[PDB]
Amino acid sequence: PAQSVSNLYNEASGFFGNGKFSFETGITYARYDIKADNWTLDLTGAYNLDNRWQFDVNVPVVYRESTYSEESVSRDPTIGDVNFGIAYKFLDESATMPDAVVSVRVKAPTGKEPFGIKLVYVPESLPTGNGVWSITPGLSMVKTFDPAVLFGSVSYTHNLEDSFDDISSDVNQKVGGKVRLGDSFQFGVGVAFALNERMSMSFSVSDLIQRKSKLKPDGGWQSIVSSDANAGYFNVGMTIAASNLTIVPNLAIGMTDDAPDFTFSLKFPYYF
Amino acid sequence: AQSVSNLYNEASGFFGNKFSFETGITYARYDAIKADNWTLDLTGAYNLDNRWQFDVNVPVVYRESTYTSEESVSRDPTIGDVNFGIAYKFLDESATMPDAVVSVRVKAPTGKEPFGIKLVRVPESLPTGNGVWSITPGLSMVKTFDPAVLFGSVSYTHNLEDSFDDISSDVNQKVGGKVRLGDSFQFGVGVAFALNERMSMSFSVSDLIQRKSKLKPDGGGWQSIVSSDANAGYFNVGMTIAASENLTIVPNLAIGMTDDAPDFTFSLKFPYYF
Amino acid sequence: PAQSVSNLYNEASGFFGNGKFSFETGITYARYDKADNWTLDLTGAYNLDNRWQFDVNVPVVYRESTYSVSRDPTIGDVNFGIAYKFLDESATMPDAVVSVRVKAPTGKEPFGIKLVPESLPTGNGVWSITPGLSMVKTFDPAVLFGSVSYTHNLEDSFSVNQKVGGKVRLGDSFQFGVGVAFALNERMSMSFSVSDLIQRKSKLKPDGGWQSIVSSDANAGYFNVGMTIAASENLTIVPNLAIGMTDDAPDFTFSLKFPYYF
Ligand SMILES: CCCCCCCCOCCOCCOCCOCCO
């Protein structure tokens, strides 16, 4: 099973199932237009049991400079909302069947919370995480139809309701409350080709819908306006085989207002 | 070559593979005022000796727009502007020469006119059409340079003048009048490959330029509307997928480039070919 | 050979490999949001032995910035370019090339214009040395390729009720891109690429002290889909869509160019 195909399948299927363990460094620039430059170092380890089950942690690391006639704000490399996945390959591909993988991705509020950030207007700091617990079930198909590998994916992210000491952006008020960050549905599809024994290329489109954030001061449920979100991405990416070592570059053209203008990913999946 | 022919149908606008029925779900996202527009197209088409083609399209228009606080407007499954189309394929592809099709698109103002809709200060309602007739002549050429299939396409939209009971956005007033919607030009090109016996992919570009719109209130004079004209630009990525070689699944992303065009537009078309 | 893999390189690399004298004429449309810009680029070129290439480019610019101001066709910023290949590709190496472009301020400078403003400019109005490195390399069938450049702008001396006059320093600019290309058949190729221009801020000193212009800083992301189609033995047709990504690019840009190899 040549590395172009197997790198292509890993990337698409979300299921690092070439070896038995796997560690991966990723670096991701994103550009928001408030002008804003955001880099993101990801660190991600995964192990495999019975060719069929996968477990993994991911640790994100976040530098962030936002500019607001103009004044600058910063956040130096902090975590990160740490997330762990479990994944299960319920269907192995055949002529009649696709490859299929159900998964669940719990994510925890380890990063700096966006709530309580006062306004000395320009923020006194920038966040690194939305401040709540998420749980994201998800599905992904992949099937080779020589020489196009078609692939696709759905997921839904329930956030869990949490409470907070301070939720006033105003510089004089400790107004405590609690927050339901509303749910999201995430859809995406695309097609990939094994260009040669080592290289593979992919075109894909994904979209993300967030269903509006309710809030409750210590008061009644007053939902945050402007908080619901559509986020459209268009992606061109390879897949370049190096050694066990691999480089995976990707561009993400921001089709929506809420998605960043573009985003350059450079991932380095390494397999023991 | 099932995908060659599915590519051409799609590129040309000319069903080669007698009768054709086509159901077409489309989503489109505007955000400049946020808006989520769903369209459903029923289309039926006859084809005569791969030479003449008549067809009819019936759009159906769900719509939802959003204007500290902020109200929303909606618009339940109302049908849009129906249209009949005659296309004549005057060149056959050869070594020397392309695959040429010339066509007219007669488009009738069945949908809910935008004019009159009183702005309840946010609209009272959302339109489903432009309220005027229009005939749009067009050309489309398609030529292989194996395995690259080049294609092109150009059209002009002449809108006819029409009278309305009310052209005013005011709730408090009713001024009837006439309108000339500014005519529009539409150029676009692209390339397409057959990936296998069932599938094709496409990369394409397109532009729509529109002349400005004029009103005439009674009994005043013609007055053109500022910032009414537009240049809607689009980048397309697409595929053909022969499903039962009879059924064809046609997905297509469309990335808006210009503020005048929808942020994106996903499309699904299910040509059924008899 | 082949004629595509040739023309593939010559766009990616910016280097006339397979020719002595070369002349390229091209037309470019760009929409902003309202403005409409066309540019006619007349490029001449000589190349010595897949090793040195010299080239002259004259831009001629027609613009319509609808607030409604025009600027009838007029010469832009004429530029020339010494360019030198320093690695020819092997199984191991890439086709590397180093380049230096001087761009002289032959276009109408933007600094004079008084605020609908009187006229539209057709050039930044200062000189600029502009070095840069290219790579191309075939990993059958993928031709990977990439670019890097800095852009030093030179200082010069030179708003309506009043009329002040002094020195200006245009921001320096780093640029870089990457892309895969394909040889589709004997006559034609297809490309895909990305690039981001990063313009540093711009100081201005009245006849006074150096004041940064807030806003003059910029980031111009672009995404490009392209082709080379071989017409004659020596005429390529080079179409290229360039979808802008950030607010500082144009919404879009088509370019048709026609390099003839004489
Ligand atoms: C809260 C988590 C963020 C939402 C991500 C959901 C995406 C799940 O889609 C399944 C397919 O994913 C494709 C690539 O994912 C790789 C991540 O796992 C690394 C294993 O090597």
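Residues numbered from 1 in each chain as written, not as in the entry; some residues may be left out. Chains lettered and ligands numbered in written order. Heavy atoms only, no water. Residues with missing side-chain atoms left out of burial classes, pairs and counts.

As recorded in the entry header, the structure was determined using X-ray crystallography to a resolution of 3.08 Å.

Asks: Please clarify how the overall build of chain A should be interpreted in this entry.
Replies: Within chain A, the regular secondary structure consists of 1 helix and 17 strands. For chain A, the C-alpha radius of gyration of 20 Å lies close to 19 Å, the compact-globule estimate for 272 residues. (Helix = DSSP H or I, 4+ residues; strand = E, 2+ residues; numbered from the N terminus. Rg over C-alpha atoms; globule rule 2.2 N^0.38 Å.)

Asks: Honestly, the overall build of chain C in this entry has me stumped. Any pointers?
Replies: Scanning chain C from N- to C-terminus turns up 1 helix and 18 strands. For chain C, whose C-alpha radius of gyration is 20 Å, the value lies close to the compact-globule estimate of 18 Å for 262 residues.

Asks: For this particular structure, what's the right way to read the interface of chain A and chain B?
Replies: Often the size quoted for an interface is simply the accessible area lost on bringing the parts together. Listed per partner, the contact involves 18 residues of chain A and 19 residues of chain B. Elements that contribute at least two residues to the side of chain A that touches chain B include exactly β8 (148–159), β11 (184–193), β12 (201–210) and β14 (229–237) of chain A. Of the residues that constitute the side of chain A that touches chain B, the class distribution is 11 nonpolar, 4 polar and 3 charged. (Contact = heavy atoms within 4.5 Å. Nonpolar A, V, L, I, M, F, W, Y, C, P; charged D, E, K, R; others polar.)

Asks: What is the right way to read helix α1 (residues 3–12) of chain C from this model?
Replies: Helical geometry note: an α-helix holds 3.6 residues per turn, so side chains three or four residues apart project in the same direction. Among the residues of α1 of chain C, those classed as buried are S4, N7, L8, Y9, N10 and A12 of chain C. Count one or two residues on from α1 of chain C and you reach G14 of chain C, which has phi positive near 70°. (Buried < 20%, exposed > 50% of the residue type's maximum accessible area, 1.4 Å probe, protein only.)

Asks: Help me understand unusual backbone geometry in this model?
Replies: Peptide bonds are mostly trans, and most non-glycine residues show a negative phi. In the segment running from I79 of chain A into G80 of chain A, the intervening peptide bond is cis, with an omega of 10°. Unlike most non-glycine residues, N50 of chain C shows phi in positive territory, near 45°. Topologically, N50 of chain C is positioned in the loop between β2 (35–48) and β3 (52–65). Taking relative accessible area as the criterion, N50 of chain C reaches 35% and is therefore assigned partly exposed.

Asks: What am I meant to see in the sheet that holds strand β10 (residues 156–157) of chain C here?
Replies: Adjacent strands of a sheet form backbone hydrogen bonds with each other and so pair up, either parallel or antiparallel. All names here are of chain C. Spatial ordering of the open sheet is given by β10-β11-β14-β15, a layout of 4 strands whose pairing is antiparallel. In this open sheet, the two strands that pair with only one neighbour each are β10 and β15 (211–212). Pairing of strand β14 (residues 203–206) with β15 involves 2 bridges; the strand directions are antiparallel. From the neighbouring strand, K203 faces β15, where its bridge partner is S212. (Pairing = 2+ DSSP bridges.)

Asks: I would appreciate a short explanation of the site of the ligand in the present structure.
Replies: All names here are of chain A. In the neighbourhood of the ligand, the contacting residues comprise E11, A12, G14, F16, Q54, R105, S134 and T136. Contact with the protein chains covers 63% of the free accessible surface of the ligand, which is 620 Å². Only α1 (3–13) and β7 (134–145) provide two or more residues apiece to the shell around the ligand. Residue composition of the shell around the ligand, by class: 2 nonpolar, 4 polar and 2 charged. (Near = heavy atom within 4 Å. Areas by Shrake-Rupley, 256 points an atom, 1.4 Å probe, with all protein chains shown as cover.)

Asks: Help me understand the packing of aromatic side chains, please; the structure alone is not making it clear to me.
Replies: The geometry of two aromatic rings is summed up by the distance between their centres and the angle between their planes. Counted by the stated rule, this structure contains 31 aromatic pairs over all chains. Judged by centre distance (4.8 Å) and plane angle (35°), the rings of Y29 of chain C and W38 of chain C are tilted. We classify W38 of chain C as partly exposed; its relative accessible area is 38%. Both rings, one in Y29 of chain C and one in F252 of chain C, keep their centres 5.9 Å apart while their planes meet at 65°; by these two values the pair is edge-to-face. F252 of chain C shares its class with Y29 of chain C; the two are buried. Through a chain of ring-to-ring contacts, the aromatic side chains of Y47, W53, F55 and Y88 of chain A assemble into a single cluster. Looking at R180 of chain B, its charged tip hangs above the ring of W222 of chain B, at a distance of 4.2 Å from the centre. (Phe/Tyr/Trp six-rings, centres within 6.5 Å; stacked < 30°, edge-to-face > 60°. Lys NZ or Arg CZ within 6 Å of the ring centre and 35° of its normal.)

Asks: Would you mind showing me how to read the environment of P206 of chain C here?
Replies: Residue and element names in this part refer to chain C. Tracing the chain through its elements places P206 in strand β14. Given a relative accessible area of 43%, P206 falls into the partly exposed group. Measuring from C-alpha to C-alpha, the distance between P206 and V164 comes to 6.8 Å, with 42 residues separating the pair along the chain.

Asks: Help me out: how do you make sense of the interface of chain A and chain C in this one?
Replies: The interface is formed by 19 residues belonging to chain A together with 20 residues belonging to chain C. Elements with a contribution of two residues or more to the side of chain A that touches chain C: β1 (21–32), β12, β14, β16 (246–254) and β17 (262–271) of chain A. Taken together, the residues that form the side of chain A that touches chain C break down as 13 nonpolar, 2 polar and 4 charged.

Asks: Sorry if this is basic, but what is going on with the pattern of salt bridges here?
Replies: Close approach of charged atoms allows side chains with opposite charge to pair. Taken as a whole and assessed by the stated rule, the structure comprises 23 salt bridges over all chains. Salt-bridge contacts for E93 of chain B lead to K143 of chain B; the nearest nitrogen and oxygen are separated by 3.7 Å. Owing to a relative accessible area of 27%, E93 of chain B belongs among the partly exposed residues under this scheme. Between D55 of chain C and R101 of chain C there is a salt bridge, and its shortest N-O distance comes to 2.6 Å. In this structure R101 of chain C comes out as partly exposed when scored by relative accessible area, which is 28%. Within this structure, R51, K89, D92 and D99 of chain B form a network of salt bridges that share partners. (Salt bridge = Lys/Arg side-chain N within 4 Å of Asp/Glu carboxyl O.)

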